[PDB]
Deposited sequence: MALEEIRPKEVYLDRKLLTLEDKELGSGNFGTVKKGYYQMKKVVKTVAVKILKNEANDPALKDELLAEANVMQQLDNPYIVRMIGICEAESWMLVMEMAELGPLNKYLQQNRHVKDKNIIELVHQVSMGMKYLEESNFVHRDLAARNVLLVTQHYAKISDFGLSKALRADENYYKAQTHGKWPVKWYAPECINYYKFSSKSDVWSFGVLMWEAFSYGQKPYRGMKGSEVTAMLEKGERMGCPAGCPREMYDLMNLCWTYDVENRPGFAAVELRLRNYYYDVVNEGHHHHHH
């Protein structure tokens, strides 16, 4: 878990910043090879990075960014897998000819990572297009576990600046965060993906979003988004938590629609 500083080389350039700290490109001398890595660099801020590291340590899934380890040098450092193509929202903003089939493939991979997280009883709490990283145009990984929580063995929810536009009604009204609240967030992520990285609830403040939702109103279908995918978004935005689907059901819907588009592409 603890890494050797002399085996680690950092670039002086920055990539971007998450909930806590800033991320830089680096290189780690492995047993034989050299591994390109992304490195998160920074009293309270120290403990949140360690907690984040603690969370990532426990996670083992292809559609989640794996932690390589941690290192204490000039600052505390969180060394992670590199995803060269960067954040999904920025990628789609810059690559507008990405096909809907490709988008379906990527959001499905996110749903697989989240199915795993749910099965592991972790809540992400910041699930948005900005935190989906592209290893390739056809390979997405979930990142930024800065707000993530391991659920207590006796509880289905964690009780707490927030990304309000991604948060379910129960998060806003009761400060309660569950896998179902991650499902709500996943719906906004889908909307972002099919809108090619557009910001949700454009030009609205948190209070106006709340008023919209309590009127039963939801963001419209993005141009060119398949009706089946818009329907799934809306289902993720089920107001009542008990009637909102879990990731197991979400992933299956996505898996099935993807194969349907794949095999119809052969027709």
{"property": "Stretches of the record's deposited sequence for which the structure holds no C-alpha atoms", "result": "1-10, 53-58, 177-180, 288-291"}
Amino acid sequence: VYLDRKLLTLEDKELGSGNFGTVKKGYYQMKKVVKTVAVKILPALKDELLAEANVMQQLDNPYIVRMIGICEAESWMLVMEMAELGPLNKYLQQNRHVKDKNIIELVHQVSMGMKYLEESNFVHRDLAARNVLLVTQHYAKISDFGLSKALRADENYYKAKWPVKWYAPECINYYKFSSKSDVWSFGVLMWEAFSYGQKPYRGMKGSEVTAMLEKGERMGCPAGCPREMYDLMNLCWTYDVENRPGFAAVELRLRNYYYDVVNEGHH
From here on, numbers count along this sequence of modelled residues.
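The term rigid core refers to the maximal set of C-alpha atoms that superpose within 1.5 Å between the two forms.
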| query | finding |
| --- | --- |
| Stretch departing more from the displayed form, 22-30 or 55-63, Cα RMS in 9 other deposited structures of this protein (core fit) | 22-30 |
| Residue range whose averaged C-alpha B-factor is higher in the record, 227-235 or 30-38 | 30-38 |
| Entry-level comparison of average CA B-factors, 90-98 and 177-185, reporting the higher stretch | 90-98 |
| Residue with highest C-alpha B-factor in the PDB entry, from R218, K46, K199, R66 | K46 |
| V135 by Cα B-factor - lowest, middle or highest third of the modelled chain | lowest |
| Ranked against its chain, the third holding the CA B-factor of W162 | highest |
| Chain-wide C-alpha B factor ranking for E74, given as lowest, middle or highest third | highest |
